[PDB]
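Read through the structure below, which is laid out as structure tokens, and then see the notes.
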Amino acid sequence: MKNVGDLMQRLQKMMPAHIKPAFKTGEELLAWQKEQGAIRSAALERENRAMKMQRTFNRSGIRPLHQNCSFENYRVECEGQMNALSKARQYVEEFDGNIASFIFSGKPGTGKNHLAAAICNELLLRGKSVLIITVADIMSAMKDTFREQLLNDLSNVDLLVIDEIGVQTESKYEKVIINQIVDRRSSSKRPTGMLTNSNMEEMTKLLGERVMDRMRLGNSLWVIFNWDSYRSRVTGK
Amino acid sequence: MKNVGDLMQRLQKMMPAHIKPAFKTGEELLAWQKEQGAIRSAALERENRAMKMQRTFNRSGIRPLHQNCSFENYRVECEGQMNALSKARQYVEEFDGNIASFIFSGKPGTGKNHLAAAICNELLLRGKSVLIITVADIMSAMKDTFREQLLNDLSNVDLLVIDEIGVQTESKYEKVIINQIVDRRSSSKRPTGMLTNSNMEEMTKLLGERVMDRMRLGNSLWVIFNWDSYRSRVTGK
Amino acid sequence: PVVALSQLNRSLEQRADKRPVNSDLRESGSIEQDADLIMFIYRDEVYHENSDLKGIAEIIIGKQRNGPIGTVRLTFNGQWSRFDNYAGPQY
Ligand SMILES: [Mg+2]
Ligand SMILES: [Mg+2]
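Order-wise, the sequence lines are chains A, B and C.
Residue numbering for the first sequence is 1 to 237, as defined by our numbering.
Residue numbering for the second sequence is 238 to 474, as defined by our numbering.
Residue numbering for the third sequence is 475 to 565, as defined by our numbering.
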């Protein structure tokens, strides 16, 4: 039928010539493939890590209005939060291995979630995980457990911060939820945080003195705003 | 069991002459089927589009009075809403990718829901998704939950517009609900809309200043009416 | 080649999604191991009347011995019984 010389003489006619095999033996081939493989694996690993990092970005509940968001796009007008940013930068710097939790407060339209999202992005770039939530999402999750990844996460992330803690006046539930959370967090030597629009005394009757005591570790970071709104400027860039 | 020509002679006991078959081979038939397929598929796609469109229009719960309802069937009689039209038209024209929120307020019989429904019609002609509601229907939805789709549509939709905000003086719950909605929305770079009968001051103790902070973005559109009624004149064609 | 039809077990309907996958046919899985190519079918205008995929079926591939997997869109006009190519957008 056909054999080696005839086979290869068939083979060359498919193509343009001067296409020499370039290997000529076996061990050269094996070495070459080992080399290509160790070249390929590295870029593969790189890509896999990049995936992981994207999965951590998309998991946090930061909404788009605080996504294109950081320290540097935050406009100063006085000392009243020049102090705050001199606090926030060092907080991000002093975060690694630190029971350093915080609270913000004051007036709306004052850059709370903005600074929070800035912190969150910077700690994602440090290689650490974050999350920000509306408390009603925890409500809905506790109701939907009758249908655990989330509640598991909420007691094992490095950082956590909270939004909309004032409203839901139908209390005798919010206090106990957040107390359970903060106990399980503080116990594991991990921080957390909060956001609100009310005074500490206006907060403490909702949130019994124990919880705020658990906030009062390390060199804490209390803030109380006085600034005015910002909304008139923003247009949704 | 029968010859070809004689099979056909069996065949011609059915129809007349002048019925010639035109195929003459196979691959030509495949070309013919391909033609008909590329035709019927695109026509089907057209019909599918029209369906999806109607599935929107029957879902934006609007009551039939304000359905045959546009800018044009709105008999202008003074400037007080000539300005309203000059604003609503440009609101539509500016809706394309913007944080453009509006509020209406004033007296009944002055064309609030009329202009709202005209707006919604035009935006659906642009190919968007909207919805209007009665606040009691949101109450009813949250109760049906305690017997998700409609619940989560109120943040998966581009635009919402809200109706009958003053009534249900069983307050202190309405506020937390509307707060929840509007925070999820305005944090998500999307508009909304309100409707009422009261001044902003009266409105503000119902709706704490934070909500209107979430309202006053971009070139936020406040409007307030003062016209007299129209209801004695209307017929319902 | 060979072409051999089969059937499926009704433990999929209660899933409330209703796309088929590999672990849905329960005939010991003796054919899942023997085969070379599989093509499940889904067609939305059965399990719903108003769903906006009228006149469309789709070809969920679930195994490929010599290639990759995918998913394809095709139409159905059941009164003269022939699928046709879907010249349109992607899925
Ligand atoms: Mg906030
Ligand atoms: Mg009305």
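C-beta atoms are modelled at their ideal positions from N, C-alpha and C, and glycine is treated no differently.
Using a Cβ-Cβ cut-off of 6 Å (strictly less than) and excluding sequence neighbours within five positions of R451(B), which residues of its own chain qualify? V419, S423
Beta-carbon spacing of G403(B), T433(B) below 8 Å: For the pair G403(B) and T433(B), the CB atoms are nearer than the 8 Å cut-off.
Can you round the beta-carbon distance between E532(C) and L548(C) to whole angstroms, since I take them to be within the 8 Å contact cut? 7 Å
May I ask you to report which of helix, strand or coil DSSP gives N48(A)? helix
Please output, in chain order, the residues near ligand 1 using a CB cut-off of less than 6 Å to any non-hydrogen atom of the ligand. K112(A), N113(A), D163(A), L195(A)
Could you confirm whether any beta carbon from chain C is found closer than 8 Å to the beta carbon of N285(B)? yes
Would you be able to state if there are at least three C-beta pairs under 8 Å between the region 338 to 358 of chain B and the region 308 to 328 of chain B? yes
Apart from the five residues on each side of it in sequence, which residues of its chain come closer than 8 Å, Cβ to Cβ, to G111(A)? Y74, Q81, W227, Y230
What's the gap between the Cα of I62(A) and the Cα of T25(A)? 58 Å
Identity of the residue in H303(B), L281(B), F260(B) nearest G473(B) by Cα: Closest by C-alpha distance to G473(B), out of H303(B), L281(B), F260(B), is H303(B).
Looking at the secondary structure, which residues open and close the alpha helix (DSSP H) in which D163(A) lies? Counting along the chain, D163(A) falls outside any alpha helix (DSSP H), though it belongs to the beta strand (DSSP E) covering 161 to 163.
Nonlocal neighbours in the same chain, by C-beta distance under 8 Å from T545(C), ignoring five residues either side: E532, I533, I534, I535, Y565
Can you find a C-beta in chain B that's less than 8 Å from the C-beta of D558(C)? yes
With 8 Å as the threshold, decide whether the Cβ of residue 431(C) is near any Cβ in chain B. Outside the shown range of chain C, which is 475 to 565, sits residue 431(C), and nothing can be said about it.
Helix, strand or coil at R547(C) [DSSP, three-state]: strand
Determine the extent of the beta strand (DSSP E) in which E385(B) is found, giving its start and end residues. Looking at the DSSP string, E385(B) is not in any beta strand (DSSP E), and its letter there is neither H nor E.
Return the bridge partner residues of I62(A) from the DSSP annotation. Note: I62(A) sits in no beta bridge, so no partner.
Closest by CA to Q168(A), which one among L206(A), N152(A), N98(A), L150(A)? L206(A)
Short CB-CB distance (under 8 Å) between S278(B) and chain C: yes
Endpoints, the beta strand (DSSP E) within which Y516(C) is located: 514 to 516
Cβ closer than 7 Å: which chain B residues qualify as neighbours of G562(C)? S278, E282
Is the CB of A275(B) under 8 Å away from at least one CB in chain C? Answer yes: the Cβ-Cβ gap between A275(B) and chain C drops below 8 Å somewhere.
Indicate whether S338(B) and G430(B) have their beta-carbon atoms separated by less than 8 Å. yes
Boundaries of the alpha helix (DSSP H) in which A118(A) is found, first to last residue: 113 to 125
CB contact flag (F383(B), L360(B), <8 Å): no
Taking C-beta pairs closer than 9 Å, name the residues in chain B that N524(C) reaches, listed in chain order. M288, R292
Buried or exposed by the 16-neighbour rule on C-beta atoms within 10 Å, applied to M379(B): exposed
Within 10 angstroms of the Cβ of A17(A), are there 16 or more other Cβ atoms? Answer buried if so, exposed if not. Result: exposed.
I'd like to know if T545(C) contacts chain B, where contact means its C-beta is closer than 8 Å to some C-beta of that chain. Not flagged as an interface residue toward chain B: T545(C), since no C-beta distance is shorter than 8 Å.
For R427(B), does the count of other Cβ atoms within 10 angstroms reach 16, so buried, or fall short, so exposed? buried
Using the DSSP secondary-structure output, state which residues sit across from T134(A) in a beta bridge. According to DSSP, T134(A) bridges with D163(A).
Top-ranked residue by Cα proximity to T293(B), from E411(B), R421(B), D390(B): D390(B)
Can you check DSSP and say which residues form a bridge with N559(C)? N559(C) is bridged to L548(C).
Evaluate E174(A) with the Cβ neighbour count: other Cβ atoms within 10 Å of its Cβ, from every protein chain shown; 16 or more gives buried, anything less gives exposed. buried
Under the assumption that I132(A) contacts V161(A) (Cβ atoms under 8 Å), give the Cβ distance between them as a whole number of angstroms. 5 Å
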